[PDB]
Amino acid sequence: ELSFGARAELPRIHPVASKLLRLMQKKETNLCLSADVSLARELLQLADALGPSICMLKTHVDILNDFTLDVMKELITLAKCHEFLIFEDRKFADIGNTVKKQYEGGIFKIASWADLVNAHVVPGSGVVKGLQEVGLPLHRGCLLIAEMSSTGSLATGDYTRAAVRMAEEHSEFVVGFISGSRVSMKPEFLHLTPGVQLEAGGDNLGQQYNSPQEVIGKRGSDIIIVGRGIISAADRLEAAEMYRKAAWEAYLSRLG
């Protein structure tokens, strides 16, 4: 097993994955903040304060009540300053012809500001082909959703294997997975795991939680994605530091 810094140099590494792995190693963080807020001011204040603690800030642009492209310009300034990627968790899941337009155009112009997006594999590989026709020219990366944290997820067995094959066949654009575990044996691919809290539990709408030690240490994932475990805490900076230290030590203990 290689360090994040060594994985950043692998021959087949995607440039977006390399940039991410280098700043993970530099900053000792494998934490992705899930910035699940409705106010631009709260999004930007979290990005500024937690920027030094995170490798990535994950957005849902479509729940921002006061979205503008100028908000995303301000988020990019903070991403550059503090060194983290922006990941829009849009979960593209339509035919290729439609997702290309949803990625490039409309009000959000996601491809203009998002380093990473993700896609469901259920429509077949046309979803990746459509996205990559916008994303490749804009030097972007994509994550495929191989496993899901929610109760009743159908992303198991042959479905997960299909996601891994689709990723490994589109490595010019696909840089990794949303998964609960290591699903690819190829170290060029990133594994990002949501459904993470320090305490056991879930929510009222099918979310299930596992700890950073479980998902990074035992299940072999790379990055934890944490929303409410940080966002709902009073001191979001201290909460981010507790999640960062948990995920980082779990990673170190698997390296030996």
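Sequential numbering from 1, following the sequence displayed. For the two forms, the rigid core is made up of the largest set of C-alpha atoms that agree within 1.5 Å on superposition.
Once the rigid core is used to overlay the structures in 5 other deposited structures of this protein, the stretch among 92 to 100 and 127 to 135 whose CA atoms lie farther from this form is 92 to 100. For the segment pair 3 to 11 and 247 to 255, the entry gives 247 to 255 the higher mean B-factor, averaged over Cα atoms.
In this entry, 128 to 136 shows the higher mean Cα temperature factor of the pair 128 to 136 and 87 to 95. If you compare the C-alpha temperature factors of 145, 142, 164, 114 in the entry, 164 comes out highest. When the C-alpha B-factors of 60, 191, 228, 219 are ranked from the entry, the top spot goes to 219. Among the modelled residues of its chain, residue 212 has a C-alpha B-factor that falls in the middle third according to the deposited record. Remark: residue 173 belongs to the middle third of its chain, ranked by C-alpha B-factor as recorded. Among the modelled residues of the chain, residue 187 sits in the highest third by CA temperature factor in this PDB entry.
Sort the modelled residues of the chain by CA B factor and residue 52 lands in the middle third. Residue 82 sits in the middle third of its chain by CA B factor, as recorded in the PDB entry.
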